[PDB]
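Below you will find one chain, with nothing else, as structure tokens; this is the form deposited in one PDB entry, and questions on how it binds or moves follow later.
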């Protein structure tokens, strides 16, 4: 099917200011979107904020201010942060949006009409901080803010509380068999593979029904009322997950402001998501609850859920209270935006919990960005080596030349598959494997010596080098968006050849193309003092 490629991040609780976790989730979403735009596809990338619920409402009361004023303020901080991070998100959704609210009521009514919502009770544990229902197998003993003994989530360590309430219940138990069919029939639907196995095991063990409303008082009336029953509010998670459907149905103007909500998602050709980017903490909501609601409502299921891991700094938990911070905008101003994005995407795979340190960040910046990529770009554009400031016409290729050309020809296919898993780390590693091979080749051929000794041979070496850089840069462009433009400028690559699968082919830029102009002190990535 030809269709708008639809990629999403979670929508983030606005109980607190934005931080690395949010920036990372949205980065992954942004990169996936950027790559598909580079392939020439229509892309709609979504992010935003989750603004209802007890968690948020009680965060606002702690700051002694109105929930409307509080959410709007913090939502503005999330936007400012994402603007500063230089993402290419198509829309920023807020669950306070009135059009979103209409979609929630619409979905709720669909589930009710389908017979999958009934009036029951939940008597059990709840984590307000995770807005999550827990069974007694998932709590243990712990300590609250005071120091008193209490119960806490095994999953997250936050304080749990006992809830006994007459609630509207969704028949999640009735979807066990169909969810299992879905997971089996689509073995690529959850990534990485071990989290897919985690989900299957959980659903195999059995599913209870899920409380999809709460009494209005306990949410401090900060939620969407249940259609036909003003005494109840919709479960913040059913509300939240619906953002993906809302987003798929919003027409957005040039400025990024929402202007219209269509009736039928087919109208905008986005739904269902091709990739839901999420953190491991919220897997069950997306891989169990979400598809169950969609199945009930007769809506199509997402194609892929990708769940990444948690971050630490110097092998310690990131926390303002513990005295170990990681401000992304600060580190970006220190080391560069593209470089910081490279590091976060390179350093950790989705299977792992990543670890920043200034030491490791400087090693990759110097080692990979400067010594490997940057050094190569300067060499093939140098007036000392490339004396006519153009793309030369290659002479006959040696077997060594062709071994390199082969790697470059194969790179797009390989990087493509990795981006579609998606596994951004492996894609980056693949591109840099080819970059290391180009450097070895250049070291081997010594083009600086060829300038005087064998100009005809230099044409070949120089042409292959320029073309390897172009291709490696194109495939890295979703990761180093600003620097890829500088590189393409330096190579003098026309705009048209900077996107499209056509330009994945070796030899897309013709000989005689003139390099862009030099600058007296310019350099792509500057080496940082080794500390």
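Residue numbers count along the first chain shown, from 1. Each form is matched to the other, and the largest set of C-alpha atoms that superpose within 1.5 Å is called the rigid core.
Separately, the form deposited in another entry exists; it is not shown, and the next lines address it.
Just one residue from the list 398, 351, 229, 357 crosses the 2 Å line for C-alpha shift between the shown form and the other one on a rigid core fit, and it is 351. After superposing the rigid core, the C-alpha of residue 140 moves by less than 2 Å between the shown form and the other one.
Residue 388 is not among the residues whose C-alpha shifts by 2 Å or more between the shown form and the other one once the rigid core is aligned; its shift stays under 2 Å. The Cα shift for residue 311 between the shown form and the other one, taken after rigid core superposition, is 2 angstroms or larger. Inter-residue distance, residue 311 to residue 282 (Cα): reduced by at least 3 Å in the other entry versus the depicted form. Cα of residue 287 to Cα of residue 353: at least 3 Å longer in the other entry than in the shown structure.
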